[PDB]
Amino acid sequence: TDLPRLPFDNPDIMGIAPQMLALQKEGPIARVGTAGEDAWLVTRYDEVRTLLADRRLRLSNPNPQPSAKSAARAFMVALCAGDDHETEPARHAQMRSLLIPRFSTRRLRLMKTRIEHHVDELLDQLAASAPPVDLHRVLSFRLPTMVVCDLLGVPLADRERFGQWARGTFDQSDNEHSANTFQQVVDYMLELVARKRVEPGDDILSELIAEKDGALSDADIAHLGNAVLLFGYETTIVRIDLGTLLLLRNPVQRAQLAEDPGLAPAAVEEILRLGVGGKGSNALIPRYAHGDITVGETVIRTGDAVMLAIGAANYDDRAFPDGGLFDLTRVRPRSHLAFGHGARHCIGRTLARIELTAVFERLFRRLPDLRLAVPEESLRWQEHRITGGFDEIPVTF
């Protein structure tokens, strides 16, 4: 008997670590070590989906002497209103209540139109340039930051100011850098709130300022805007990179999609399901048990940490036949867990799907000879950032 320790090694640049798949073959739940507390690791689709819907399993830590966390994880939990287990029910309910109507069908319809034109322009610029080109910098990075500028109602050049702040805030390796970056986010957002109070527009902070006849404080409003800024582009960038790499790996699927862009929605769902990078520490949703929960044979006790492996679950053969295969022709595939499930189900997921669909409708049609200009093995998943990701994707075309 050898206690497994997260994170597990992955000899590939994508996919699930072999040891996590081995645990998943054994059963749905295993006790593992981490860099901090030991935790229950749940790796099968059915059990992860069930626990994501279990109101006893929450983000906030109920423990009296809570384990220490990196500055990055503390900021992420506070942005998600999970920093105080006694106030999480009301604060999280208000958070979702205030954020969900900012992504209305009216707004998403307008943004889809703008996103499509912007991808067209981004790809014209790419196709006219001289290889090798960093696809990450000129495509993956540019579309989601454009979108966040649209949501916040700021000039597009602002993303050159804030484009690295998600990475810096969520740098688990440097508490000083994390804290200094977050202060920059706070300073910027407070500037923006004060501007929108006298110069509002069709944007998210203006709507919050107007909300409940102005009942929200500027600190409340900036807090929600920080969540939009820090959650609203970085993970989407990562999915554009992973989707590009996955399609480059599967030429038959890529050719199907180039021929029929109507397969883009199905490709986007396969990209989300299979898009896991490096050791995939970001494909785990963390929780604490606020009450005892039984998982098959295993009792999770109040206070226990739980890692719900949405990545592993999305690869689960029990839920997806040939779960490791990229397949554009899956008949009625189960809903993947890449946006989570239940109480904290991703608020931006419809917008994120709009962005990924617009890209992969166009990418291999516009650049039919696109391919990596370096070996895959030279691509470097950034394990120290909560959101992982590659720093560059050199391509030719």
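Numbering starts at 1 and runs along the sequence shown.
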Averaging the C-alpha temperature factors as deposited, the higher value of 111 to 119 versus 255 to 263 falls on 255 to 263
Once average C-alpha B-factors are taken from the entry for 330 to 338 and 55 to 63, the winner is 55 to 63
From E88, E207, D134, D171, the top C-alpha temperature factor is at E88
When the entry's CA B-factors for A194, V306, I100, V299 are compared, the highest one belongs to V299
So, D187's CA B-factor, relative to its chain, sits in which third? The middle
Quick tally, chain-level thirds of C-alpha B-factors: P18 sits in the highest
Quick tally, chain-level thirds of C-alpha B-factors: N226 sits in the middle
On the chain's distribution of Cα B-factors, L372 falls within the third called middle
Here the Cα B-factor of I354, set against its chain, lands in the third termed lowest
